[PDB]
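Structure 1 and structure 2, given next as structure tokens, are two forms of the same protein chain, each shown alone.
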Structure 1
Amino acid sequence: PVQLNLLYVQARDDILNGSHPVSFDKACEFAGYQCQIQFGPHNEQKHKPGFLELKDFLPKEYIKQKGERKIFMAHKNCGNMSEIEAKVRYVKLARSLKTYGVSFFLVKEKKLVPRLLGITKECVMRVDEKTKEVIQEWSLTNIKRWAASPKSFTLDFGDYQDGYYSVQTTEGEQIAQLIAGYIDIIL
């Protein structure tokens, strides 16, 4: 359990601090496991609205979202699940998401649309900033060139059909460096 715990803490911390973006539904499912872990089996009479310090159970973007009902529902559903079992499930649930282990940046697409741009050792993904759904994915091995200016970042994957991919961001350089270091190994 001491070893299982580290993994759990790591996975939990990334969801909670926002490094690992997840959907509202998922975040609430995670908090349900977290509740089982920290308070044991759900007690309807005490584990009710106002009981949780929400900032300790949900990503910041979902605190003002009235998620306590869904949280306690997920908690109640764990039944008498053990702390160990609850942690393994939490860890695996995080591993099951395509957003897992992805470095995300928040950008604006063409009224502009906020969007989560993710980079990994092998690809670039466009993810809905709200539902956290993978909308599109590119393979890094197909990267041709890129342009990063103080207020934008553009990628060219050599795709004639739709053209280039350009978004508003002040982190263009940060992203370019992540990409350059990764292709140094794959290309």
Structure 2
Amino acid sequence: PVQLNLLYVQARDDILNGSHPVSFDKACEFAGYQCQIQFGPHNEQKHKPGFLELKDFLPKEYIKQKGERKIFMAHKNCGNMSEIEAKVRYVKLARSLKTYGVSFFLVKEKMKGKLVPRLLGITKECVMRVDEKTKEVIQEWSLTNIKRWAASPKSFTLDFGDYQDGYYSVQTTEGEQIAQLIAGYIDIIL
């Protein structure tokens, strides 16, 4: 099971550190599985409230949310699932998510009313805006939709040509990093 363990660990780490943004509801599904993997089947006589160090089973934005009740429910819900079954399920859940395999940056946008954070994610196929809190995918642009791109030290910008009206502009210090990624994905196609 070497490669399955390598997969699970990658996917678990990326979720646990925010590399792979997941909704709170999904954070607890993942944790539920992690509980099964690390403690076996749930046993009320042994898994008492307060015993779960949330820093080790949840992304940090969600520790404040007092979701131990939610985690123990998902942990109970696993029944007598084997460790390896839980790992296959953990990986399948991660991969079932639009956000899987997506490099993200946390950036601030402007709206029609104060600058709001937003997760900007890049892959080889597209570029997406994703809700920084709910993680719902709110806009998806194919890479062939990008006329041109530009990076400041304190900004990143996309020009979509005839596909959207008005440039997409964004406060970020990683602007040169976002664009480096995009250029590399362009280079492979040609």
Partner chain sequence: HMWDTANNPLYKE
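So that the term is clear: the rigid core is the largest set of C-alpha atoms that superpose within 1.5 Å between two forms. Quick note, the numbers are simply positions in structure 1, starting from 1.
- Remark: structure 2 matches the stated condition (the form deposited without its partner chain).
- When two forms of a protein are overlaid on their rigid core, residues whose CA moves 2 Å or more are considered shifted, and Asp128 is not one of them between structures 1 and 2.
- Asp156: CA moves less than 2 Å between structures 1 and 2 after rigid-core fitting.
- The two forms line up on their rigid core, and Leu6 then has its Cα shifted by 1.5 Å between structures 1 and 2.
- Taking the core as the reference frame, the CA atom of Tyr182 shifts 0.8 angstrom between structures 1 and 2.
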